[PDB]
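Q: Residue numbers (PDB author numbering), protein chains in the order written: chain B, 1 to 258, 267 to 416; chain A, 1 to 258, 267 to 416.
Built from N, CA and C at the ideal position, the CB exists for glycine as well.
One structure, as structure tokens, below. Some questions next.
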Ligand SMILES: *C1O[C@H](CO)[C@@H](O[C@@H]2O[C@H](CO)[C@@H](O[C@@H]3O[C@H](CO)[C@@H](O)[C@H](O)[C@@H]3O)[C@H](O)[C@H]2NC(C)=O)[C@H](O)[C@H]1NC(C)=O
Ligand SMILES: *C1O[C@H](CO)[C@@H](O[C@@H]2O[C@H](CO)[C@@H](O[C@@H]3O[C@H](CO)[C@@H](O)[C@H](O)[C@@H]3O)[C@H](O)[C@H]2NC(C)=O)[C@H](O)[C@H]1NC(C)=O
Ligand SMILES: *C1O[C@H](CO[C@@H]2O[C@@H](C)[C@@H](O)[C@@H](O)[C@@H]2O)[C@@H](O[C@@H]2O[C@H](CO)[C@@H](O)[C@H](O)[C@H]2NC(C)=O)[C@H](O)[C@H]1NC(C)=O
Ligand SMILES: *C1O[C@H](CO[C@@H]2O[C@@H](C)[C@@H](O)[C@@H](O)[C@@H]2O)[C@@H](O[C@@H]2O[C@H](CO)[C@@H](O)[C@H](O)[C@H]2NC(C)=O)[C@H](O)[C@H]1NC(C)=O
């Protein structure tokens, strides 16, 4: 029985005139409350029990960290078969609190249920019911309640609390509330209408209902909330699809009509995965002179500069092998660039129909058109691969594709 | 450059008439937006680039999980030293959002700071400041702001939102707000007073400040919130110290004056360790007839029933050994219970000054007053231990304490 002294309390007696009780108390509770053991004589005869400190706890164990075991001895209660006496623990001082709850001034309406939303062309009718009672209990009538519905998206926190109310168990959520492609969530609480019984906290929020809003254009930026700070900065809370942002880079432009178009910083802050909001701090030195700033969010002119003379890649040359006296040479099909004087480095590769290109000889030289070699008894061995590169101060490019293995 | 296609885009050409570009797109973004590569001719000549799908990505790598590599070929742009052409990516459809912002109607006041609480006899002065600007910026004057302070205890959630307001940067929190021994927490937000500039969301809550409230009586029950449900039940939200509850068991009593005192269920719900709240559902069939219920929370009648004949423990008997002819016997000092006929079982124990009680012989018998034994050459050996128990239908008790070792 929870209470420690009760929990650990065993009273052993002998059919003579000696009944000992052993219980304990927690040393912590001691500095707040102290209790005295009490025996039930017959009824209003709550005769107290004398108890002296003890160190040992044999009859029962104490589940506390620091207990104050006690041993109590009580006199002849004249033992006889079927004799039961009750023990209680009386606190040193009267404890408790009271509260006169005048029903009317402490009413908490029941929570709504059967929350459902039926859409009707970019409009959502949120319906619900409330179990008032059974026999027409005139105490509380539906005309005594008020409803507070809160709604948001399956992303943001309820702290933004976009509330709405109704005197009927129905609300009309539309385009002027929800935004075009977001999945919303809403719940309802039952309040006490001004015409009422009296005060009382409103019910607890009902289960929330989820639904997708009006069809819209995804892959578009949303929530262009811009809030003017004091009198020097204007912060805007951007919002774009975490997939569009990986193909379309957007920027925040602003023009105070009656033009500048970017901010020094555009910090990205990841939202609920599916979305990534951005921020920018637009400076505003003349708030009085220019109190109109039409901000916009469109594709930022993001371009990659490619320098021709640095991103070169020549075409693979031809080879056609020549064999006079002792086969060795290799022809270089230089793609005659119109009288353009540029140095070229080549990479020729050896081989054999019995080996892979990973074990070839790569003689790399400049402005050459052939090389030397000492073959063997094979005359159907592969060994024709040539790469060209810009080995001039026309600084750089990339290895050209390979030529073709002229099986000789 | 962030955008994947831009990030992974290399365009290699040959000083002839063949420039190939290779970029990729993320398969995910594809079902939302599609982009087309574009080359910058000179200015407004944004000539598009044709691109066909590819499977290989050599020139650059794609940091995505599933990419859509593409290979694009573009014609003679007549290559010559110092020739740079820019590439961009154009989305299939115009994307963007606009917002005409009028500073006055979109003002978000700065957040308060230097939040501190000075106590003054069961009163706490909450002070704070607000950085408006530097040179007297008449746009926003302190007489344009309003303050909303919220407070609670270091336990409950802010949803209960016990709000308070002020037209000055100061609030007087007192006994009629806070409760007598709880550690509170409060924060402030800056709103726009009705006399204002215009609409705008208030600032973001400032850092919270924590402080302990007025001194009081701990080890007492608090928050006796009782709320009437519809018209049949009345729930009360109890609250007691998680230390007192282990020595003092409380109950919820109720009497509709102008008596019943307990509920069938008193469910315990652990709070912030230091406290343990309870609940009870008081039934109320006549709300109109009895709209007055004075509830109370005081020490409950928790008693442990101890049945004498079941919690027996006899007294340790004497032994005084007898040695005639051949030492063996042992005397039983039966504490003559006044002509009470009850059966007793005893436990005698052997020993020696050279051994411990864990290796003794325990002959257990009924209504005996001695036993037999064959000693040895020792005459100073310990062996006197006797327990008594109730071996009758006076059902139970506990082994009595031991007797005394009559060293014979
Ligand atoms: C239940 O009874 C116990 C005593 O059996 C109470 O504890 C006792 O509390 C007093 C005052 O709080 C302690 O005495 C003080 O001791 C200091 C020196 O340590 C001295 O400066 C003071 O003048 C005074 O003598 C007393 O020692 C302490 N006893 C024990 C055993 O700790 C306990 O407070 C009672 N419970 C309640 C709720 O009152
Ligand atoms: C960018 O272009 C690609 C195509 O190259 C677009 O994906 C294509 O989308 C259509 C319709 O969403 C897919 O066709 C449909 O296929 C199903 C069978 O799978 C059939 O029932 C339909 O009648 C229709 O033919 C098409 O297969 C798909 N192509 C690929 C390669 O997946 C993509 O949507 C475009 N991006 C945007 C934002 O529009
Ligand atoms: C129940 O609600 C309707 C409609 O809504 C609310 O009315 C105000 C309380 C306002 O603050 C908004 O929340 C809603 O518009 C109430 O009907 C309106 O009553 C006013 C006159 O007081 C009238 O000018 C409007 O045209 C009415 N609107 C409609 C749609 O008929 C109605 O009075 C509420 N019931 C009670 C008992 O207050
Ligand atoms: C600034 O606050 C003081 C005191 O508080 C608020 O007044 C109301 C707005 C009310 O809803 C409560 O929040 C506070 O009491 C305002 O002074 C009170 O003004 C009324 C008359 O309008 C007067 O009867 C009270 O006695 C005044 N209280 C005190 C303590 O002097 C004060 O007007 C507020 N300033 C502005 C510009 O509104």
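Taking Cβ-Cβ distances shorter than 7 Å, what residues in chain B pair up with residue 305/A?
A: Ordered by position in chain B, the residues that pass the 7 Å Cβ test against residue 305/A are 96, 97.
Q: Tell me, which residues are paired with residue 14/A by DSSP?
A: The partner list for residue 14/A (beta bridge, DSSP) reads 18/A.
Q: Examine chain A for any beta-carbon lying closer than 8 Å to the beta-carbon of residue 9/B, and answer yes or no.
A: So, interface residue.
Q: Straight-line CA distance for residue 60/B to residue 311/A?
A: Distance between the alpha carbons of residue 60/B and residue 311/A: 17 Å.
Q: What are the partner residues of residue 233/A, as DSSP defines its beta bridges?
A: Residue 233/A is bridged to 229/A, 291/A.
Q: Tell me where the beta strand (DSSP E) around residue 171/B begins and ends.
A: Here the beta strand (DSSP E) through residue 171/B covers 170-173.
Q: Using a Cβ-Cβ cut-off of 8 Å, state whether residue 397/B counts as contacting chain A.
A: Output row for residue 397/B: interface = no.
Q: To which residues of the same chain is residue 178/A closer than 6 Å at the C-beta, ignoring the five residues directly before and after it?
A: Around residue 178/A: 184, 213.
Q: Would you mind stating whether residue 190/B and residue 207/B have Cβ atoms separated by less than 8 Å?
A: No, the Cβ-Cβ distance between residue 190/B and residue 207/B is not below 8 Å.
Q: In whole angstroms, give me the CA-to-CA distance for residue 335/B and residue 360/B.
A: Taking the straight line from one Cα to the other gives about 15 Å.
Q: Hey, would you say residue 239/B sits closer than 8 Å to residue 273/B, going by beta carbons?
A: Not a contact, by the Cβ cut-off of 8 Å.
Q: For residue 399/A, which residues of its own chain have a beta-carbon under 7 Å away from its beta-carbon, when the five flanking residues on both sides are left out?
A: Contacts found: 351, 352, 353, 374.
Q: Could you give the first and the last residue of the continuous beta strand (DSSP E) run that contains residue 350/A?
A: Careful: residue 350/A lies outside any beta strand (DSSP E) and carries neither H nor E.
Q: CB residue 411/A to CB residue 325/A, shorter than 8 Å?
A: Yes; because the gap between Cβ atoms is below 8 Å, this pair is in contact.
Q: Just the chain A side, please: which residues come within less than 7 Å of residue 139/B by C-beta, in chain order?
A: By Cβ distance, chain A contributes 231, 295, 296.
Q: Note down the Cα distance separating residue 300/A from residue 106/B, rounded to an integer number of angstroms.
A: Distance between the alpha carbons of residue 300/A and residue 106/B: 11 Å.
Q: Can you find the residues in the same chain that come closer than 6 Å, C-beta to C-beta, to residue 402/A, ignoring five residues on each side of it along the sequence?
A: Result list for residue 402/A: 317, 350, in chain order.
Q: In chain order, what are the residues with a CB under 7 Å from some non-hydrogen atom of ligand 5?
A: The model on display carries ligand 1, ligand 2, ligand 3 and ligand 4 but not ligand 5.
Q: Going by Cα to Cα distance, which pick from 255/B, 331/B, 364/B, 12/B is closest to residue 416/B?
A: Checking every option, the nearest Cα to that of residue 416/B belongs to 331/B.
Q: Whose C-beta lies closer than 8 Å to the C-beta of residue 258/B among residues of the same chain, with five residues either side of it excluded?
A: Within the same chain, residue 258/B has close Cβ partners 300.
Q: Does the region 226-241 of chain B come within contact of the region 272-289 of chain B, defined as at least 3 CB pairs closer than 8 Å?
A: Yes: the two stretches touch, three or more of their Cβ pairs being nearer than 8 Å.
Q: Using only alpha-carbon positions, find the residue among 268/B, 66/B, 11/B, 41/B that is nearest to residue 304/B.
A: The candidate whose alpha carbon is nearest that of residue 304/B is 268/B.
Q: For chain B, find out if any of its Cβ atoms is closer than 8 Å to the Cβ of residue 312/A; answer yes or no.
A: Yes - at least one Cβ of chain B is within 8 Å of the one on residue 312/A.
Q: Just the C-alpha distance for residue 103/B and residue 227/A, rounded to the nearest angstrom, thanks.
A: Those two C-alpha atoms are separated by around 8 Å.
Q: Secondary structure at residue 344/B, three-state DSSP: helix, strand or coil?
A: Residue 344/B falls in the coil class under three-state DSSP.
Q: Buried or exposed, going by whether 16 or more other CB atoms sit within 10 Å of the CB of residue 271/B?
A: Classification of residue 271/B: buried, given that the 10 Å Cβ count is 16 or more.
Q: Tell whether a beta-carbon distance below 8 Å holds between residue 77/B and residue 19/B.
A: Contact flag set, yes.
Q: Straight-line CA distance for residue 164/A to residue 147/A?
A: Taking the straight line from one Cα to the other gives about 8 Å.
Q: Within its chain, find whatever has a CB closer than 8 Å to the CB of residue 377/A; leave out the 5 residues flanking it on each side and keep chain order.
A: Cβ within range, chain order: 339, 340, 342.
Q: DSSP three-state label for residue 64/B, please.
A: Residue state, collapsed to three classes: coil.
Q: Nearest by alpha-carbon distance to residue 200/B: which of 51/B, 119/B, 110/B is it?
A: Here the closest residue by C-alpha is 110/B.
Q: Mind checking which residues open and close the alpha helix (DSSP H) that includes residue 7/A?
A: Residues 4-7.
Q: Is the number of C-beta pairs between the region 78-86 of chain A and the region 31-47 of chain A that are closer than 8 Å three or more?
A: Judged by Cβ distances under 8 Å, the region 78-86 of chain A makes contact with the region 31-47 of chain A, as three or more pairs qualify.
Q: Expressed to the nearest angstrom, what Euclidean distance is found between the alpha-carbon atoms of residue 50/B and residue 389/A?
A: Cα-Cα distance, rounded: 42 Å.
Q: With DSSP collapsed to three states, give me the class of residue 405/B.
A: DSSP places residue 405/B in strand when its eight states are reduced to three.
Q: Is any beta-carbon of chain B found at less than 8 Å from that of residue 91/A?
A: Interface residue, yes.
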